[PDB]
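The primary structure of each chain is shown beneath.
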Amino acid sequence: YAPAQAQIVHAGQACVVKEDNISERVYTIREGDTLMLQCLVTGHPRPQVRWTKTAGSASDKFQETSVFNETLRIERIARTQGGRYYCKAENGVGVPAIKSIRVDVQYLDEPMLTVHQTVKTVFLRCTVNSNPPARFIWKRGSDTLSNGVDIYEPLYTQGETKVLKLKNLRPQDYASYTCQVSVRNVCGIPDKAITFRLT
């Protein structure tokens, strides 16, 4: 007889895995792809294998595990299904073995854009939800930087926000402005954009 050992090994459609000498630590995968995590076990008799997502406030002594037959599979994984997943191997010999890995679900939503004018200045306010944090690119057909052009995060934000302030209103430069959001194509996630036609 021998006590149970556990080892988490990535499978499926992750884009990035992070590991160290002891075990695999992070499983990064694009929202909507298919997660697969193996739990290889040792010891005799053959250990039973359980998985669990630590959802809730109660401590480990009360989290609902499930007998799972080694391989955890989540098709069309959602941004809300990220976090720490625990493998538990037990064969009745010694103490149960428990390992865990962090799942990072990455995504880039289409951004939101709202306009506001006071007197004549123009504020274009772009928000997006993403993981990892997104890069904001403001364009007028061609990219724009600091023509009395101020680009800043505003004081009040419910999330990732970038404001484009246009101070003077020349006759020229009275057309379309674009907020392009990027995660630099991690996980193969392309950019997205929203355009406002100024008049």
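Residues numbered from 1 in each chain as written, not as in the entry; some residues may be left out. Heavy atoms only, no water.

This entry, as listed in the PDB, derives from X-ray crystallography and reports a resolution of 2.718 Å.

Asks: How would you summarise the overall build of the protein if you had to cite specific residues and measurements?
Replies: Helix and strand counts for the protein stand at 0 helices and 17 strands. A compact globule built from 199 residues would reach a C-alpha radius of gyration of about 16 Å, whereas the protein, at 24 Å, exceeds it by more than 25%. Its C-alpha atoms give the protein principal-axis dimensions of about 85 × 30 × 30 Å. Out of the 199 residues in the protein, the part that is buried amounts to 35%. Carbon and sulfur atoms make up 48% of the accessible area of the protein, which totals about 12,300 Å². Placing the 26 positive and 19 negative side-chain charges of the protein at their respective mean positions leaves the two points 5 Å apart. (Helix = DSSP H or I, 4+ residues; strand = E, 2+ residues; numbered from the N terminus. Rg over C-alpha atoms; globule rule 2.2 N^0.38 Å. Buried < 20%, exposed > 50% of the residue type's maximum accessible area, 1.4 Å probe, protein only. Areas by Shrake-Rupley, 256 points an atom, 1.4 Å probe, with all protein chains shown as cover. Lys, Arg positive; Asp, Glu negative; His and termini not counted. Charge placed at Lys NZ, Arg CZ, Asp CG, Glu CD.)

Asks: Tell me what's going on with the sheet that holds strand β11 (residues 121–127), and back it up with residues and numbers.
Replies: Spatially, the 4 strands line up as an open sheet ordered β10-β11-β15-β14, and their pairing is antiparallel. Two strands lie at the open edges of the sheet, namely β10 (112–118) and β14 (149–152), each paired on one side alone. In this sheet, neighbouring strand axes are inclined to one another by 15° on average, regardless of whether the strands run parallel or antiparallel. Across 4 bridges, β14 lies against strand β15 (residues 161–166) in antiparallel orientation. Note that in β15 the partner of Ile151 across the bridge is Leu164. (Pairing = 2+ DSSP bridges. Axes fitted to C-alpha atoms, helices over the stretch in contact; angles between N-to-C directions.)

Asks: Mind laying out the pattern of salt bridges, listing which residues take part and the relevant values?
Replies: What the rule picks out here adds up to 8 salt bridges. Where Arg50 meets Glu90, a salt bridge forms, and the shortest distance between an N and an O atom there is 2.9 Å. Taken together, the positions of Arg50 in strand β5 (residues 48–53) and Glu90 in strand β8 (residues 83–90) put the pair 40 residues apart, joining distant regions of the chain. Among the salt bridges present, the one from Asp150 reaches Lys165, with a minimum N-O distance of 3.7 Å. Taken together, the residues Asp150 in strand β14 and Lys165 in strand β15 connect sequence positions 15 residues apart. On the accessibility criterion, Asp150 (35% relative accessible area) is partly exposed. Here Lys165 falls in the buried class, since its relative accessible area comes to 15%. In this structure, a network of salt bridges that share partners links the residues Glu31, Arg79 and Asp109. (Salt bridge = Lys/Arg side-chain N within 4 Å of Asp/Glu carboxyl O.)

Asks: Can you explain the sheet that holds strand β16 (residues 176–182)? Please cite residues and give values.
Replies: Hydrogen bonds between backbone groups are what pair the strands of a sheet, and the pairing can be parallel or antiparallel. Reading across from one edge, β13-β16-β17 is the order of the 3 strands in this open sheet, with antiparallel pairing throughout. Each having just a single partner strand, β13 (135–139) and β17 (192–197) make up the two edges of the open sheet. In this sheet, neighbouring strand axes are inclined to one another by 15° on average, regardless of whether the strands run parallel or antiparallel. The sheet contact formed by β13 and β16 spans 5 bridges and is antiparallel. Along β16, the bridge assignment pairs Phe136 with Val181.

Asks: An account of the environment of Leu113 is needed here, citing residue identities and associated values.
Replies: The residue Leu113 is located in strand β10 in this model. Setting aside residues no more than four positions away along its own chain, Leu113 makes contact with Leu124, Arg125, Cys126, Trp138, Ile194, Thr195 and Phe196. (Contact = heavy atoms within 4.5 Å.)

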